[PDB]
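The next block holds one structure in the form of structure tokens; read it before the comments.
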Amino acid sequence: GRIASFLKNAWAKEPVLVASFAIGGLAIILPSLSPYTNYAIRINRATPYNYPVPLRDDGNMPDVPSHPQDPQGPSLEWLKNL
Amino acid sequence: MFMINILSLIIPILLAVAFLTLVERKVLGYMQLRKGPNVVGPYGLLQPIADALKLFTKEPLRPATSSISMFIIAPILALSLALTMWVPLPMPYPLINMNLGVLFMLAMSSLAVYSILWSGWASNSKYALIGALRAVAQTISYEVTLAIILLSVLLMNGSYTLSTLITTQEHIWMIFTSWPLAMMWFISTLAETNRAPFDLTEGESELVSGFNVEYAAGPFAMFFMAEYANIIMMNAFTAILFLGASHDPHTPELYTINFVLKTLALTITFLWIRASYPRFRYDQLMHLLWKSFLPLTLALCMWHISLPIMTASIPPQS
Amino acid sequence: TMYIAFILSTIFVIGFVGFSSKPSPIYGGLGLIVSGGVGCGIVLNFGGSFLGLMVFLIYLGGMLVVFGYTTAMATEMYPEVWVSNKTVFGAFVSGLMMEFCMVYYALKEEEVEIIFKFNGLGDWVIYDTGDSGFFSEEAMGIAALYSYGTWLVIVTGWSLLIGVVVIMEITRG
Amino acid sequence: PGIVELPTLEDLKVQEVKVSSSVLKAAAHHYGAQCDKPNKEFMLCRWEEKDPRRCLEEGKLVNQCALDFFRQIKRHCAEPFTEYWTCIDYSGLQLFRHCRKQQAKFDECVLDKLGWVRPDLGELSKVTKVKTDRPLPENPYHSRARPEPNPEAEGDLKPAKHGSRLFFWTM
Amino acid sequence: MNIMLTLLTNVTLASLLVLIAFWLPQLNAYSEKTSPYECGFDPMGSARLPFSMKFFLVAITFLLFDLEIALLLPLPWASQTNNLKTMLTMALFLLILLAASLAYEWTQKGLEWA
Amino acid sequence: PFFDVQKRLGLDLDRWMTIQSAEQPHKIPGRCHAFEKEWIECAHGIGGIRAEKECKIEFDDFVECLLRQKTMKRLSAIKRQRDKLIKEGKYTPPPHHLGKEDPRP
Amino acid sequence: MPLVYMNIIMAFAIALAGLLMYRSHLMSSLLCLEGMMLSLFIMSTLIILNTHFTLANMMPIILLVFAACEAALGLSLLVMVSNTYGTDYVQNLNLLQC
Amino acid sequence: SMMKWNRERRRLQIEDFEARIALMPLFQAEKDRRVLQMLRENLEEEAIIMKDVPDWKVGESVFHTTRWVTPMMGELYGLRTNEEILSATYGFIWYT
Amino acid sequence: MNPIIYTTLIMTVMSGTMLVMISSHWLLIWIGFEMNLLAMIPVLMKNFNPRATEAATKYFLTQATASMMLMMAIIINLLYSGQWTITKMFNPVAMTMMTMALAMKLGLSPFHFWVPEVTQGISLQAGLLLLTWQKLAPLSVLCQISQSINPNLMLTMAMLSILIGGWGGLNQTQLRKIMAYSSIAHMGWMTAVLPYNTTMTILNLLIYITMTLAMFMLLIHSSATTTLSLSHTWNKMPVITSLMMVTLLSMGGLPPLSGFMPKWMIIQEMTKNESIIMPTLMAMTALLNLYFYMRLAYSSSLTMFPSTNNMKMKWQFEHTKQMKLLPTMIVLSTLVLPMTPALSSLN
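Each protein sequence line maps, in turn, to chains A, B, C, D, E, F, G, H and I.
Its first residue numbered 1, the first sequence is counted upward by one per residue in the numbering used here.
Its first residue numbered 83, the second sequence is counted upward by one per residue in the numbering used here.
Its first residue numbered 401, the third sequence is counted upward by one per residue in the numbering used here.
Its first residue numbered 574, the fourth sequence is counted upward by one per residue in the numbering used here.
Its first residue numbered 745, the fifth sequence is counted upward by one per residue in the numbering used here.
Its first residue numbered 859, the sixth sequence is counted upward by one per residue in the numbering used here.
Its first residue numbered 964, the seventh sequence is counted upward by one per residue in the numbering used here.
Its first residue numbered 1062, the eighth sequence is counted upward by one per residue in the numbering used here.
Its first residue numbered 1158, the ninth sequence is counted upward by one per residue in the numbering used here.
Next up, the structure:
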């Protein structure tokens, strides 16, 4: 009732502010309600800005990939299909 | 060879300004049922040369009440900065490739304002002082919105490098992504160059001639050249930012032509606006830029910050 | 060209003398303009592109509002220049002489100790030989303001808002 | 203080890889996969010794393996590789997306003649284990002896002998 | 040094234009011609008299708005961080505070002149 | 009155920018990371009074890294002696120092 | 120290001396304040860049922010003095003695 | 459309970074060898330049620690030609 | 000024002081100082008068100069140490500059000139905040760096502050100026023991804060700003002027009143460090402060002055505003001497 009258009056007298608050409101709410924000984070972590310094192999590192391109290690196959 | 490049970026720009004067006159005439300069040379092509020769053969007067040093420094600063703001422009390859060419353009424009300020202040006339204060008020109104819109539209670029704008728009013009920001940026560029509905610093019908009322012959020609060079440069900035053009690395001419045509279209629209609307009142200009653009620029800045994160489309840093 | 930074710093001192002698605030404005531009040049020469352009941009915008006021509050029927008053000219000349004396003492005498110990060699010496890679280290450190410096962002934003409030409260009568 | 020990001019002489940056970038993806073993050992040395003079020998083995990498290219994929890096050399950014057609030619020959497979996306940036035999440095920083810490506390607390001994206050 | 060369060339060209402007034409100067222009009549007062700013508050706040624009410039690089949640929250916080300052100035009749 | 609320509540408001040896974005090391690390680890927990005199070698190395005053003094002495030798013709700069030999990659 | 550090410190000293030595206007004192702020910015920026203190590269921006905050404070005080006295002359600030 | 293009550009940037990583060890080796050679040349010429000066130990460390300290620009190109000094110092900054 | 806006400004002043007293980074301490100044200027100018504007301008200029010097000292300390932590400053020149800046912020002589003017210009409500709360942050900073403070400079500043405060207080008939000079003398007393024992500085600060809160609240409760105006208060409210006399006697440092605690403990600590001339001179110079306090006590309560006829109407009405902390502040500032061994809690 009162909200509808206020919004109709707002968009009839000051339509500029109505759009700005709507656009500003979406910019705060939508990022939280999105499944791609985590992908945006992962992409930033994925980019290798600095050298991947190797670690000395003590023989007890099963998952650490002592190799050029053997299967062990993180994969960017998710980004390829994005 | 670099000096040759400097000359090939300055002299053609001055010729373009000279002929843009004629183009503006003829466009205004034909939009006013008139004919632009048509006697001096074929189709008026020799009018700019006549104007330049007249101005530089005209006696320049030094006002008795004027501070000579600033009165002479102002025109130099105006032209030098107008010619310098073309250095970083990517067409397709920039003369000087800066990682932050955009902020360089912003700083160069901010300095150019002092030309109008000092020219007005040093002129030591009431109309010139009014023109200088109007320039101050104008730059108060547009600078924040200009910077915010530029930041928001560059958030999809990944950096302030101007050359990267060509790559970002390799499949689509960026105006299809930020057309409200495009409109507001266009109006801000109109206000910045003291141009259509914002010709308040000069105010022909209200301030006789504004800040340059006491300027004659050469210095007046330099201020006019600086004004029109800023017009062309700002329209070029609008072209590269929103109206991206295809660039074949082996045939740069393709981009150059597309770029030039888009800049010419934007300048023609500048003249079109000049001959279609009445002049604002600078109170109304400041109120518009502070109460209709600025809130919307802030909202769209929020939107263009949140959008790449919420869509996982953050542009690359390099 | 191996002493570009030193020349720019001397121009910095010259501009500081220029607006420190207190001419008309209009002329102090261009003094500060020159000082800010030359400082931007120095910072650019040291690798601070964003920082130097930032001081250039902000002071360029700030001195504009000062100029607006100089014509509204500090407007003297006869504005004074550096060669208009013997006090202003004396201050300007004294500053220039001090700068020239210290520059000469620093250059001709390699090691100079006025208050700190200054070395007469070129500023190029202190530069590092490291490689930043695909980085603009200044830009990354500055952008870390929103990730690392959340507290700084909060305090600065609060101070700016309170500054707006304070300006409105002061200029209300 | 002391004299900075410096290796002689002779012992830091290697057969340099006299190729261009564009040439290196064109073969970079295959170079990382084939010359992985000696390059990673040198990186581990530099990042554990923290002294360039303690890894010159490993640095020499990097160039030797790098030269051997290009020798195979010259013998099996000379012409297609020359086409590839010439295209890359043209662009000022040395982009990979303006020469994908030439890249496929170079990969195809190399996959057949030499059997190399180009690493996929996100594979040259992974952290690897390096199995070396050089001992792990005990004091890479050449740190001095840490000063002895102050004595640490004591047993339980008891009330002050006569309370606060402040002038005339008995409590 | 190339940017310095460009600046030098532009400044020299402008100053050469000034020199040609002030030394090519035939000069004939007298007191009346160089007098200040006041639409044909003599000015009453000096042009160096105080000129009141009816938008002084707007300028003083434009100072802080330019400050906030300086704070917002590093944003394109700030999006390259791994802490996108914190970065986004802080950026939106700065923008919200800017909007709040603008709103406070607007409602308390600060953007109005006189 | 340093009310150390950060150490009490566990918050980290400004301890992340107090030193250049702390964590920095993209692991960009400080120019004197090693010297500052040595100085801090030497002078950890022993108190300021002891740290001033005991861990003084580390602090001197850190200051020399930061300002390079003594290194600049040595370089200036070398330059002055070389200039004096050249004036008297007692020395001839080698071709690799005269821009005659190609620098190694 | 390098000579550029000496020049910047001398510039700060000159600006401080200028601020401490008023002549007539309050605007010039604010100019000297802004000059000192600029000199401090340049000093801090050179120090941070030279030592590659990456995380401290945001310090000069904060310094600049509070610098122009103080400038706005000064400008507002200036307008109030002009409104209350007609001129920004520092001699009008004379009611409060001792 | 901009989302698709930006994701593709991120993939391209990752590929270029991987190429840089692959090329990095050779560049590090060349850099350390060049730095050591320049230091040795400077030491050798210093031993001749300041042999007459009393008490001037050649190659004397300025730090107390017996650890590698990355040399400054003046410690590598101190006695090189002015053109080389200007290049190695201001080349990247002045290149545009 | 809107009450909400005034509360926000007061909370911003308090948050600036808490930022100074809470951070471990020099940049944040400088930021807190800047916020304190920014939120203090409008609080100084809550009641718009030309005198208020003059006080605000002078305070802003002085604090701006002090903050610039402090930031220069911080930058020099960073240059010579590469450190931002609040610790033993590693440069003597930076230490001297920082000491000058902090003394200017506190108002220690010869940086005392602005205090009597700014205090007189602003109202009693703002004067109380200026003379009590604005001393917390610089004193805390000085207490954190007391190890690196050059004792000679601090002692000279303290002795000059005491001398000048006493001398200035003698020629003053305006109550606010008397309070300002007394504040200068007490700041000198506090800073005298900074190089020796900071807990004594904290104790003196607490006692001075209580005494000044009591005095300013009594002045507000009497609405008196001059000796003549305060003299009339004996007729309407003798209790207020009697309590004012007691508090003045306490401020003089007369036993058994609480004002003897800080001077006694300061003399003790300074004699423990073999300094016997300086505490003796300070004690002797406190007699000037005791003199002007006694003169005020005479004009206010000990002797009765002529009132005016219109006080008869004022006799009928009772004060509406009620300061709840005034009795506690009066008691704590007069009758806490039997409780000195509580000094340990400040450790």
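The beta-carbon is built from N, C-alpha and C at its ideal position, and this holds for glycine as well.
Just how far apart, CA to CA, sit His649(D) and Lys686(D)?
Taking the straight line from one Cα to the other gives about 6 Å.
Say whether chain C places a C-beta atom closer than 8 Å to the C-beta of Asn50(A).
Closer than 8 Å to some Cβ of chain C, the Cβ of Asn50(A) qualifies, so yes.
Just checking: is the beta-carbon of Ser1062(H) within a distance shorter than 8 Å of some beta-carbon in chain B?
It does; some Cβ of chain B falls within 8 Å.
According to DSSP, which residues form a beta bridge with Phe518(C)?
DSSP output for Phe518(C) lists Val512(C) as bridge partner(s).
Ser1039(G) lies in the alpha helix (DSSP H); which residues open and close that run?
Per DSSP, the unbroken alpha helix (DSSP H) holding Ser1039(G) starts and ends at 1022 to 1048.
Helix, strand or coil, according to DSSP, for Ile570(C) in the structure here?
Note: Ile570(C) maps to helix in three-state DSSP.
Taking the straight line between their C-alpha atoms, what separation do you get for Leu1494(I) and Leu1299(I)?
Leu1494(I) and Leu1299(I): Cα-Cα distance of roughly 27 Å.
Since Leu380(B) contacts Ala847(E) with CB under 8 Å, what's their CB separation in whole angstroms?
Rounded to whole angstroms, the Cβ separation of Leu380(B) and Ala847(E) is 10 Å, and the two are not in contact under 8 Å.
So is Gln1479(I) buried or exposed if we call it buried at 16+ other beta carbons inside 10 Å?
Exposed.
With a threshold of 16 other CB atoms inside 10 Å of the CB of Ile977(G), please say whether the residue is buried or exposed.
The residue is buried, with at least 16 neighbouring Cβ atoms inside 10 Å.
If we require 4 or more residues per run, which alpha helix (DSSP H) segments fall completely within the region 97 to 156 of chain B?
Listed in chain order, they are 129 to 139.
Note down, one range per segment and in chain order, each alpha helix (DSSP H) of at least 4 residues found wholly within the region 1297 to 1327 of chain I.
Whole alpha helix (DSSP H) segments, 4+ residues: 1308 to 1327.
Could one say the Cβ of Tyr478(C) lies closer than 8 Å to chain E's Cβ atoms, at least one of them?
Yes, because at least one Cβ of chain E sits closer than 8 Å to the Cβ of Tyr478(C).
Proximal residues to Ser494(C) (C-beta, below 6 Å), its chain only, five neighbours per side dropped
Same-chain partners within the cutoff: there are none.
Beta-carbon within less than 6 Å of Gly1189(I)'s beta-carbon, same chain only, minus the 5 sequence neighbours each way: which residues are those?
Closer than 6 Å at the Cβ level, and outside the excluded window around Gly1189(I), lie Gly1173, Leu1176, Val1177.
Rounded separation between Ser934(F) and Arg627(D) - CA only
In this structure, the CA atom of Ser934(F) is about 30 Å from the CA atom of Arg627(D).
Touching by the beta-carbon criterion (3+ pairs, under 8 Å), the region 519 to 530 of chain C and the region 981 to 996 of chain G
Result no; under three Cβ-Cβ pairs closer than 8 Å.
Alpha helix (DSSP H) runs contained entirely in the region 969 to 1021 of chain G, provided each spans 4 or more residues:
Segments of the alpha helix (DSSP H) lying fully in the region 969 to 1021 of chain G: 989 to 1013.
Contact the region 703 to 712 of chain D vs the region 136 to 145 of chain B: 3+ CB pairs below 8 Å:
Under the Cβ criterion (8 Å, minimum of three pairs), the region 703 to 712 of chain D does not count as touching the region 136 to 145 of chain B.
Rounded to the nearest angstrom, what separates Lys508(C) and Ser420(C) at their Cα positions?
Straight-line Cα distance between these residues: approximately 27 Å.
Is there a Cβ of chain I sitting closer than 8 Å to that of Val565(C), yes or no?
With its beta carbon less than 8 Å from one in chain I, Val565(C) belongs to the interface.
Could you tell me whether the region 200 to 216 of chain B touches the region 438 to 458 of chain C, where touching means 3 or more Cβ pairs closer than 8 Å?
At 8 Å Cβ cutoff, the stretches do not touch.
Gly1139(H), DSSP secondary structure in three states
DSSP places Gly1139(H) in coil when its eight states are reduced to three.
Should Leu382(B) and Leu289(B) be called a contact, given that it needs their Cβ atoms to be closer than 8 Å?
No, Cβ-Cβ distance for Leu382(B) and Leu289(B) is not below 8 Å.
Can you pull out the residues from the region 513 to 527 of chain C whose beta carbon lies closer than 9 Å to at least one beta carbon of chain A?
Taking 9 Å as the Cβ-Cβ cut-off, the region 513 to 527 of chain C has no residue approaching chain A.
Assuming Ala1315(I) contacts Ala1349(I) (C-beta within less than 8 Å), just tell me the rounded distance between them.
Confirmed, Cβ separation roughly 4 Å.
Nearest-angstrom Cα distance between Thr487(C) and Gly1278(I)?
The alpha-carbon atoms of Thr487(C) and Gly1278(I) are separated by roughly 32 Å.
With distances taken between CB atoms, is the gap from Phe186(B) to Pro174(B) smaller than 8 Å?
It is not a contact, given that the beta carbons lie outside the stated cut-off.
If we count the other Cβ atoms within 10 Å of its Cβ and call it buried at 16 or more, is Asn1204(I) buried or exposed?
Within a 10 Å sphere around the beta-carbon of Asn1204(I) sit fewer than 16 other beta-carbons, which makes this residue exposed.
Paired residues, beta bridge with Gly736(D) - DSSP:
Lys734(D).
Consider the Cβ of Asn179(B): report whether some Cβ of chain H lies at a distance smaller than 8 Å.
Closer than 8 Å to some Cβ of chain H, the Cβ of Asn179(B) qualifies, so yes.
Which word fits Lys928(F), buried or exposed, when buried means at least 16 other C-beta atoms lie within 10 angstroms of its C-beta?
The residue is exposed, with fewer than 16 neighbouring Cβ atoms inside 10 Å.
So with CB distances below 7 Å, who are the chain E contacts of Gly240(B)?
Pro820, listed in chain order.
I want to check one thing, is the minimum distance from the CB of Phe456(C) to the heavy atoms of the ligand SAM below 7 Å?
Questions concerning the ligand SAM fall outside what the structure shown contains, since it holds no ligand whatsoever.
Any beta carbon of chain F sitting closer than 8 Å to that of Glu537(C)?
Chain F, which has a Cβ nearer than 8 Å to the Cβ of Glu537(C), makes this yes.
What are the complete alpha helix (DSSP H) segments, minimum 4 residues, inside the region 668 to 706 of chain D?
673 to 682, all fully within the region 668 to 706 of chain D.
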